[PDB]
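A single chain comes next, written as structure tokens; it is the form deposited in one PDB entry.
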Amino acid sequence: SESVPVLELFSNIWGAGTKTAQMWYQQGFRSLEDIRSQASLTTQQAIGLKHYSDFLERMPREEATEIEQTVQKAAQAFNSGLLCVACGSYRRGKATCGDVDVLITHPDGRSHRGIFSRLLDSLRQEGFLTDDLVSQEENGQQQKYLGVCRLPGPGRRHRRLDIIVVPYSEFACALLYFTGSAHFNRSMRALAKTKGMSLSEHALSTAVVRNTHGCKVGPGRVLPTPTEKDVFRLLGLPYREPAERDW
């Protein structure tokens, strides 16, 4: 087939971008079968190709709830005080979700620890998590999992699921980042940059020092932000509910 469509075909593989798609085209690959049989694949790339059709589908919002609930009960078995809030497209109220991002924390700020591994293991035993892509357990106090899940029963597709465990100290900035949207987050951190601050999935800092070129040369001091709206306030912004946030 023509160049542009084939590049698009390859790019829709998880773990494959515009550079990988271009390289594969030079090798002479045109179809997904060519990639599956001849191309050197990353473990992640192998999974994305395996679930190519299912990953292209957006899911009904109801299914996202059904997934968030599946994770929630698995975690709450270990600790019933645990919080489980689905973010991303879901929290912003979209009728469809391309994936599910479940955020987890605990009010005491202690018992959230030691859940991440046990939770994933519990979900693997349940048959819920089917494949794993990336696991980053050295996010400072946060841990993030990138994997694939599938609800039980006939006629179920594989969905992409993100699970994140944060301390209650960072709960505000954690879901502020994960509900998005991406170009909402982009402009809040850009805004803080102007106000001499920095925003992140961990904290909103003030007093951040930047050089003449604006490169950050000193971190600021972390401002305690219990809720989302505390963050909105310190940035001199009118608050936006998540639905307002999609953009």
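The first residue of the sequence shown is number 1, and the count goes up from there. The term rigid core refers to the maximal set of C-alpha atoms that superpose within 1.5 Å between the two forms.
Q: Higher average CA B factor in the deposited record is what I'm after, so tell me if that's 1 to 9 or 238 to 246.
A: The stretch with the larger average C-alpha B-factor is 238 to 246.
Q: Between 187 to 195 and 49 to 57, which has the larger average Cα B-factor in the PDB entry?
A: Comparing 187 to 195 with 49 to 57, the higher mean C-alpha B-factor belongs to 187 to 195.
Q: Looking at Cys87, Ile163, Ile115, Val166, which has the highest CA B-factor as recorded?
A: In this record, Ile115 carries the highest C-alpha B-factor of the candidates.
Q: From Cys149, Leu82, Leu103, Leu120, pick the one with the largest CA B-factor in the entry?
A: That would be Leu82, according to the entry.
Q: Taking the entry's C-alpha B-factors for this chain, is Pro219 in the lowest, middle or highest third?
A: Its C-alpha B-factor, which the entry lists for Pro219, ranks in the highest third among residues of this chain.
Q: Split the chain's modelled residues into thirds by Cα B-factor; is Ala39 in the lowest, middle or highest one?
A: Bottom third by C-alpha B-factor.
Q: In terms of the chain's CA B-factor thirds, is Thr130 lowest, middle or highest?
A: Answer is lowest: the recorded C-alpha B-factor places it there.
Q: Select lowest, middle or highest to describe the third in which the CA B-factor of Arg30 falls within its chain in this entry.
A: Its C-alpha B-factor, which the entry lists for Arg30, ranks in the lowest third among residues of this chain.
Q: Using the temperature factors of the C-alpha atoms in this entry, rank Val209 within its chain: lowest, middle or highest third.
A: Highest third, going by the recorded CA B-factors of the chain.
Keep in mind the form deposited in another entry is missing from the figure; the text below concerns it.
Q: Considering only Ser40, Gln26, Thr194, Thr43, single out the residue whose C-alpha is displaced by at least 2 Å between this form and the one not shown after superposing the rigid core.
A: Going through each option, the one that shifts is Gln26.
Q: Superposing on the rigid core, is the Cα displacement of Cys215 between this form and the one not shown 2 Å or more?
A: It does, since the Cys215 C-alpha is displaced 2 Å or more between this form and the one not shown after the core fit.
Q: Indicate whether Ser80 shows a C-alpha shift of 2 Å or more between this form and the one not shown, with the rigid core used for the fit.
A: Where the cores coincide, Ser80 shows only a C-alpha shift between this form and the one not shown that is less than 2 Å.
Q: Once you overlay the rigid core, does the Cα of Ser122 travel 2 Å or further between this form and the one not shown?
A: No; that C-alpha moves by less than 2 Å between this form and the one not shown.
Q: Closer or farther: how do the Cα atoms of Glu138 and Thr130 compare in the other entry relative to this form, given a change of at least 3 Å?
A: Closer is correct, given that in the other entry the C-alpha spacing of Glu138 to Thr130 is reduced by at least 3 Å.
Q: Over in the other structure, so in the other entry, do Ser200 and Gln136 pull closer or drift farther apart at the C-alpha level? The difference is 3 angstroms or more.
A: Farther, not closer.
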